[PDB]
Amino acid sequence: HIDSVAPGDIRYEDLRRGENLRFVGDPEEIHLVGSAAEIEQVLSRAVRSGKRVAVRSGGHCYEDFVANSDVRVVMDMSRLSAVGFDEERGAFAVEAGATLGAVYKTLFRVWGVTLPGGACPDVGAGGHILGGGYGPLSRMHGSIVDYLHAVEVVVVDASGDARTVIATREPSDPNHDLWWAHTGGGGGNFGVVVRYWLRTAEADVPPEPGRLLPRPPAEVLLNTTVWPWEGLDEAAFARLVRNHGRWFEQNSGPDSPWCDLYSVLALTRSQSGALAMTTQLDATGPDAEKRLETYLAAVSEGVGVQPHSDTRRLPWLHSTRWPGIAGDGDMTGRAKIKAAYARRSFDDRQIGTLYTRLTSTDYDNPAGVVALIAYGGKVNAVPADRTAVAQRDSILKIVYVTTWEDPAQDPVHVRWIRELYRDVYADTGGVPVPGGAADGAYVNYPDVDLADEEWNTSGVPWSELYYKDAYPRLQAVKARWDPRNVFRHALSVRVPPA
């Protein structure tokens, strides 16, 4: 229970931002909240005053949802970073301010378990878990939301009063639909998550903590494969994308033996000098090294460029902080990200578009990338309607990103990535319309352009791209638990016009 941070405080330049430096907030106060009770009193005071609020956990939002200049009061979750096992509830409690790196280190070193969350260690649990997401173990263990047993959330009723509710996976729980909205609803929509409780949904299980969350593979093979751009012509490039697409089309079923494989294929600007792929395979099973080889051979088969390939073997927890998996921890640039689900691999026109845009000399930036992220496996064993992650038959997530340094150049980079993504999706109004080759987009990589009639000409609204048929049930949760629409932003769940 401590002083809030206001302009003039030594901490204000840090705390008025998240990790995305494109967005600089102007809040009057940032509250380092310490408990559900404190969050109730901050929210109720702000609601009484008519002041716009937002929550910051890990600060990784790709859009201006927290740092929007309209936000007056931020609740920053940094003090709430506990991770542990709640004996009373029989589940792991992860408070919203815990980073994923701290979650994986504690769960694994202490109990030998993990969650199939994201790969960046500094991401906050608070804005990540409730939006679903992907990570290296999604194929092996399913989505992180498949582990959400309960959620503690501070909500604001019609009167303006704040209160804390615990909502659970039990369907007769009066707050069951509020728990369901936290299985992929996304941050900044329903209320302030204080903590999540995570546990397997299996009925079998003795209630010992080491049995109650999935085990990672004990060691993994990690490969870095790099093809020089100087050696790749369009036909080569196309063959490689096609090989990879076919392989993921064949080998992403929930019963596939390849659920233990994860990879990221980085289709980089040719200006970068090299195309690259990072692969992780469980190293513990019979024939791991040969199986890794047979995946790598498939990707490069008939490409006519010999890739540079190196494989190391690491114990699992050490593996998670290898930069090839974790990324480089550099958030000091400016970036614009876009995203899509792929149900099938890129077609011939799309591959040609990608080739053109990545080799273009009308643009100058080595940092543009289209990353194809191995997906499906056990994520796809879950029926589409079970959680608020409705996309349960995709084979890849696709990330489109460009990064740069100079803010005067924002319009150039933002236009390039917008035109690239619009042209890849040109047959469907510039966007990855669901239930076809694509399956919409995923809310942890929000893109306000999906709501912009200038860029989305498909007639399919942003809410259907992220949530497909889950959206009506999410709107009902919104109407019931945030009737005043306290929690909102450029892509927030909104009730139907009245």
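Numbers follow the displayed sequence, beginning with 1.
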item	value
Residue gap status of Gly377, at least a third of other entries	no
Other compared entries missing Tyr134, a third or more	no
Segment of higher mean CA temperature factor, 135-143 or 350-358	350-358
Entry-level comparison of average CA B-factors, 282-290 and 157-165, reporting the higher stretch	282-290
Residue with maximal Cα B-factor (values as given in the PDB entry) among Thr320, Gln391, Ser172, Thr311	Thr311
Residue with maximal Cα B-factor (values as given in the PDB entry) among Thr332, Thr183, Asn251, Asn380	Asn251
Ranked against its chain, the third holding the CA B-factor of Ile373	middle
Where the record places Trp229 (Cα B-factor, split into thirds across the chain)	highest
Third of chain Cα B-factors occupied by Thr106	lowest
Chain thirds of CA B-factor: placement of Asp86	middle
Third of the chain's Cα B-factor distribution that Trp316 belongs to, per the entry	middle
